[PDB]
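The block underneath contains the structure these notes are about, expressed in structure tokens.
Number of protein chains: 2
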Amino acid sequence: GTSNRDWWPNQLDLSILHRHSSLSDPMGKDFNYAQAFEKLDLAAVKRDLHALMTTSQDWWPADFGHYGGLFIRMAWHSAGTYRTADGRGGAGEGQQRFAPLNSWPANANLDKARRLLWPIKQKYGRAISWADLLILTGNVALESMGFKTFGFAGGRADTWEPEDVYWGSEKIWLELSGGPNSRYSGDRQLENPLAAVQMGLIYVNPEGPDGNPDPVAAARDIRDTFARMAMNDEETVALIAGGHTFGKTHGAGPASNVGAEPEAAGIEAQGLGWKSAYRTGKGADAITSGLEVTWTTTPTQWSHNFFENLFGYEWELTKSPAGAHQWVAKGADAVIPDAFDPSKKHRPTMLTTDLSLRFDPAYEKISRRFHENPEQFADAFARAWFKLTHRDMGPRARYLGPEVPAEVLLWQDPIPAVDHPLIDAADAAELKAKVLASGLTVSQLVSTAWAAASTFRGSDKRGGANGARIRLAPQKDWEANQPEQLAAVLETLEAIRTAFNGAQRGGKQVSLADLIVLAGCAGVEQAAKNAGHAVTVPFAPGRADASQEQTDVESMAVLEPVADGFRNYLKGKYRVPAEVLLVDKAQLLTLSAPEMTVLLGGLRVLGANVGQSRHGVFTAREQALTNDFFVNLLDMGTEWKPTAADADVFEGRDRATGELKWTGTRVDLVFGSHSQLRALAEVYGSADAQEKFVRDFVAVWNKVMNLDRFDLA
Amino acid sequence: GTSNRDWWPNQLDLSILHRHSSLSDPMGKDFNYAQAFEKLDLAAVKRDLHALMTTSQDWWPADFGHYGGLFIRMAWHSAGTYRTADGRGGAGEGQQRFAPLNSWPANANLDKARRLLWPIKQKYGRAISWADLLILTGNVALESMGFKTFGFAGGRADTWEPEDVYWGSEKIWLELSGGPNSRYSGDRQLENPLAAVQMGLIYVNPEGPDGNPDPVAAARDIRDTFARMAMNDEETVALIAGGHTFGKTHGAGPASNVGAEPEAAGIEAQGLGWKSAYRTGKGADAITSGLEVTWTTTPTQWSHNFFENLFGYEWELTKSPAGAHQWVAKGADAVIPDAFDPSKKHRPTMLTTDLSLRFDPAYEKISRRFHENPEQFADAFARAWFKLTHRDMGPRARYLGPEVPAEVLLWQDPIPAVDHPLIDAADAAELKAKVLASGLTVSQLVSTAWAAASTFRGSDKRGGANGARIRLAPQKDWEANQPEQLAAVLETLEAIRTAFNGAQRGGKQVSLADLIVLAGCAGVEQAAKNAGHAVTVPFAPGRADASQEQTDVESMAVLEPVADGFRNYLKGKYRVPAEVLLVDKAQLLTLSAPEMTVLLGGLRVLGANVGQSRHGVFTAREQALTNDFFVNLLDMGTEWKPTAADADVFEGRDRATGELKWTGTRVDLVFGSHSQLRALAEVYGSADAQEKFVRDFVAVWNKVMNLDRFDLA
Ligand code: HEM
Ligand code: HEM
Ligand SMILES: [Cl-]
Ligand SMILES: [Cl-]
Ligand code: NA
Ligand code: NA
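As given, the protein sequences belong to chains X and W, one line each in that order. For what it's worth, the numbering used here labels the leading residue of the first sequence as 264, then goes sequentially. For what it's worth, the numbering used here labels the leading residue of the second sequence as 264, then goes sequentially.
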């Protein structure tokens, strides 16, 4: 059936902005997962899960009698898709159960793991999401085996369709680097925003880079991909060693015995895949990765045996029964238990990537400290596992249930508690009047608030105006934020805030985070007034101001807008067309196509462009809130041509006279080109639309201002 | 960026069921287009449109000084995509403005026509949809040029994204037959549901079949494709001759001069395409189809000259300036006006397909009658133009405005007006009690009402339970409808209705259409009682009974369910998998994926299957309304295998014992296989879900029962 994407494969795709509609959601429109979960008997769930660990099912028998290792692997894969570059991936939406993740080669036989959990999911129903359950199962695995976890938060609502993520351009699973769609270039530079070395892997290849079994070189890939998942070297060592304390790998026979992944399998498979023709196809005969490694003498108990073995033996290269490269301690004794035959023992074995923790010099320092001080290893692993499994959950205000850790971690971009009374409506009105009387302009006010609020991304729920991190390093110096202009605005606002707060009784005060957003609301209200309309923009107090010491500068770097179509800004020259980057940013802001369209055309006429560029400012009344962007963009009396100097900038000239009327970028002119976006622009460019435009702009503005306000959820 | 459709190109696609969400719609949730239209001053719009006809714009100058031909072509192409097989295409959604229709080769330069209309669209805003405006413009064109139309109805609400329609499998525009994805097989048999001879054409190729200029063979294609658009011979001749009374074709130079279609063009084209390098690119130099024909001596006025010329000359084959086949009148004087140069005249010309009207013997008799009796031609063309442009609008209750024709037409599947008091809630209770006391079972009652209601399709808004057409030819004999069982149900219900109606005062009576639906509601209520739930199903009276004379049997044939997964029914063996046919039917019923899911699982346990099949009846309490379908489908204690006799039937056996528990089809098992459908099934198969399942079932049931109830809109 030939489709529009077949005929016009490079047209812009807006369907990413209308995923997750009420149409695809089985739950009622009023369903609130937080309320369901808060009444779950979490202790009862955990008892069920503990019992499950040692209750083998014949269709996928448990190694050693215990599913703990499989479940820890399942939880780490759930979390292990996360990328800091964009925040996409991670455990927070339970996407392991949908395509394509459910059928990635690295996720083989995790379909069995998910299926073992159906009875428990069924029993508790809507009160526990899959997304929470995958993680909670990994925690119960660890606790059942003697490991003390750092805690657990619920609150990951389930989703109902695949997210649209760029996982790479390769058309072959696992393709080695250097091919026609290579994700590497230069000196082994992985393309942003990817965080895995091959399509279908989680971070790295367990045999070594493109299959070369060199621990030293494997360590370079580990370091790079874990950094792209926001983990430093201490965390990375703790996670790998901690995970490979438990369980085993599966590679009993040749890989050619393994059949179709779940999305390819027959309907009779009922959502499972990788059926194997090797012997019984399961249990002792299981094939998953093709490696056949068991790291420790007690695979079902926490220990410090991973590092005892790693340092205590010398290692030689060998092949598993499937032909993969792996390492064995020859002339160790046969001290490692077999998974199913109590009369068989095995020598210690290791992956290439495990040996990286010893042979990379920076890793070896850390591994040696963890070997000599296994309580330090256990604390680091507990901390890193909580980070791994909660990194995309957003502000601590989202965390639910009785096991939330009290300690506030730097990586959570923490917001101080508010311990004072909040401003009321009359106070908000007084501050809005003060702001407008200071001389700050509509453009200054809207641009500052937009800069503060628009760092939010729904992928990982990081960013937004709460915290007033605009005023701190590094956001105060991001080029998109116009650092000198911003500094002058913030000085003026801080003086207003100091005056107001000095005049109060009773402990009432306004934060700078709330004032930045309230000042942007005053800009919007004044722009509506400039156009002849009286509107009140909604405002919700309660943001707090974070300190510099509460702000990790390096982790904040990935939130820098290097393309922000809403401010007609491109930090440099990218391969991806600017209009594609605009839709990406709209998706991160959680905007639909209509909301993106109204928002952009309003920002243009309010003066939100970086550098006060005239591109897209299709109005003769700048700083008034009107639909002039749309009316002027859609006027057929204007003819548009790319400039000689820059093919991405366009001049709009009167068709009859040739007189120059406007300039625009691709981001501006796509709204007059793309057949769906132009249908939207037409609505807002119609003669009956001025009221609609103002109402819808104010609504979307308020939506952006409140993205991170899970304290009000 | 590699997508799930790249990896798994034959996985079932559910996004068709969640198009048209509130997310992509710019209008607020409560917007009601009928209410907006009803307050439009349609007379003012029509004055503006008459003014536009001779307001030539320099970027696409009007032929003869009058855009009327261009606009009639625009309206006929709007409507001309309709297919009776599925109801998809047509004018009623304004899909011409979106991909792919906006960029079909046969729609070349209609982007100009639509852009001429923007000022009028802009002026009236939301009170006139594009979909209504395209048709209204065509009517005004005709009226401007001297032809009195039959009438016009508004009410076509705009849509905001492309509909998902199968337009063919070819990967080359215009591909001639017999390619790897040929739409023809056999003795020129066009594949259902297609109604065009080549990808990107409307009905037929104006040069002849696959480009061969044989008028007689052309006529076979005309007849077949027009019939697939619901037109008979009289209507087809009236339409073609009527259309080609106006305007001209455009083929002034080689087609190699014409550039990218709109979806391919540069952003600076601002939504237009087919830019031509031939001379001025427009007006006298225009290139659209490549043909250069002007049919009549007065191309801007209604006349009887089409048939005068067709019969009055003999025709010679020639080539246009672009090299397309066309015909010129032998020995004729230069009597046809030029479009731009008053000093030039041209000989009469015709397309191959125009000569079909003379050289096909059935057409010739009609053509000759219209030539001799031009009042008959004029009435036929007015009637056909109204049918062409309204065939997909649905029941007359949807027709809005002051120009609706009063005459009721057979093709409208007319429903008689209700002229008596309707039953009230007390009466509905009394009739549900009578139904349950007759002995009719849950299975009988649900199956009959489902058979009556599920003929509805949202594509053209045909079908549904109003009318009680289930009791007429041909629906009473459709295999899916179980004719002998149905006749016994209808006899029992007709006796109940006769007894009730005989006992009334004051003119009160119940229709059989209402009683069928109310009897199905009673069956649902009884099934809920069987399962221990106290449920009242909503019911809205007001349906009327249509007569046999009001029911065109041939036109009803396209509404026969040859696949209805809701009743586990397939009439024969098709190429398309049965689960794909299910999603198609759910799309016609306007169901989302959750609604499809809940409705199937309920119908299975209520006994709706055709032939009382046990396939998918995953319950030990048939005729009770429970979520058993889902709980038993998802039980991992059951293993599924395809049968030896039939690979599309599956046996479910106890995994431990081997005992046979259930059988099922692909439609049943896809809910356990497809990762998005299985997620939905899980919600309804959870321990907390029985009440949710019942409530959601009753809601979707009532939805289906009410699909055609535009009298209540
Ligand atoms: C360099 C990063 C890593 C590599 C390349 C890697 C590689 C793999 C491979 C190839 C398997 C075998 C799959 C099978 O054949 O069954 C696996 C198993 C496992 N991994 Fe990792 N791993 C990585 C990091 C992690 C981390 C961060 C954790 C968790 C904290 C983890 C926990 C596990 C567990 C528990 C198993 C055993 C599964 C079982 O018993 O069924 N791994 N590892
Ligand atoms: C067998 C069915 C038909 C065929 C193959 C056909 C073919 C075409 C073609 C090839 C053009 C020339 C396009 C261009 O070069 O500008 C055209 C023009 C046009 N057709 Fe048809 N036609 C069909 C039926 C219809 C019908 C049913 C109507 C309307 C009732 C219609 C009304 C028009 C009008 C008014 C024009 C002139 C456009 C102008 O003045 O710009 N045609 N036809
Ligand atoms: Cl994601
Ligand atoms: Cl359609
Ligand atoms: Na994410
Ligand atoms: Na349709």
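Backbone N, C-alpha and C fix where the C-beta goes; we use that ideal spot for every residue, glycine too.
Grab the span of the beta strand (DSSP E) containing residue i for me, first residue to last.
i: residue 588(W); result: 588-592
i: residue 854(X); result: Taken as a continuous stretch (DSSP letters only), residue 854(X) belongs to no beta strand (DSSP E), as it is neither H nor E.
i: residue 913(X); result: 912-917
i: residue 926(X); result: 923-928
i: residue 904(W); result: 901-905
Tell me which same chain residues have a C-beta within less than 8 Å of the C-beta of residue i, skipping the five on either side of it?
i: residue 911(X); result: 841, 905, 928, 929
i: residue 368(X); result: 436, 437, 463, 464, 524
Going by the beta-carbon positions, is the gap between residue i and residue j smaller than 7 Å?
i: residue 602(W); j: residue 326(W); result: yes
i: residue 814(X); j: residue 735(X); result: yes
i: residue 561(X); j: residue 598(X); result: no
i: residue 504(W); j: residue 347(W); result: no
i: residue 991(X); j: residue 417(X); result: The structure shown does not extend to residue 991(X), since chain X spans only 264 to 976, so no value can be given for it.
i: residue 509(X); j: residue 678(X); result: no
i: residue 541(W); j: residue 516(W); result: yes
i: residue 886(X); j: residue 793(X); result: yes
i: residue 865(X); j: residue 960(X); result: yes
i: residue 471(X); j: residue 481(X); result: yes
i: residue 617(W); j: residue 513(W); result: no
i: residue 328(X); j: residue 316(X); result: no
Tell me, which residues are paired with residue i by DSSP?
i: residue 452(W); result: 448(W)
i: residue 539(W); result: 521(W)
i: residue 725(X); result: 720(X)
i: residue 613(X); result: 590(X)
i: residue 318(W); result: Residue 318(W) pairs with nothing; no bridge assigned.
i: residue 827(W); result: 832(W)
i: residue 579(W); result: 591(W)
i: residue 550(W); result: 514(W)
i: residue 381(W); result: DSSP lists no partner for residue 381(W).
Near residue i, what residues of its chain come up, given a Cβ to Cβ distance below 6 Å and the 5 sequence neighbours on each side ignored?
i: residue 366(W); result: 524, 525, 526
i: residue 880(W); result: 867
i: residue 572(W); result: 611
i: residue 389(W); result: 299
Quick check on the DSSP output: the alpha helix (DSSP H) that includes residue i runs from which residue to which?
i: residue 765(W); result: 746-765
i: residue 696(W); result: 688-700
i: residue 298(X); result: 296-302
i: residue 939(W); result: 938-947
i: residue 788(W); result: 775-793
i: residue 260(X); result: No information on residue 260(X) is available, as it lies outside the stretch 264 to 976 that chain X covers here.
Below 7 Å CB to CB, which residues in the same chain sit around residue i once its five sequence neighbours on both sides are set aside?
i: residue 324(W); result: 545, 546
i: residue 406(X); result: 412
* Check whether the stretch 709-721 of chain W touches the stretch 847-862 of chain W, counting contact only when three or more Cβ pairs, one atom from each stretch, lie closer than 8 Å. => The stretch 709-721 of chain W vs the stretch 847-862 of chain W: in contact.
* Could you tell me whether the stretch 639-646 of chain W touches the stretch 781-797 of chain W, where touching means 3 or more Cβ pairs closer than 8 Å? => Output reads no: the stretch 781-797 of chain W does not touch the stretch 639-646 of chain W.
* Pair every Cβ in the stretch 423-434 of chain W with every Cβ in the stretch 456-467 of chain W, then say whether three or more of these pairs are closer than 8 Å. => By the C-beta criterion, the stretch 423-434 of chain W is judged to be in contact with the stretch 456-467 of chain W, since at least 3 inter-stretch pairs fall below 8 Å.
* Looking at C-beta atoms only, is the number of pairs between the stretch 310-320 of chain X and the stretch 409-427 of chain X that lie closer than 8 Å three or more? -> no
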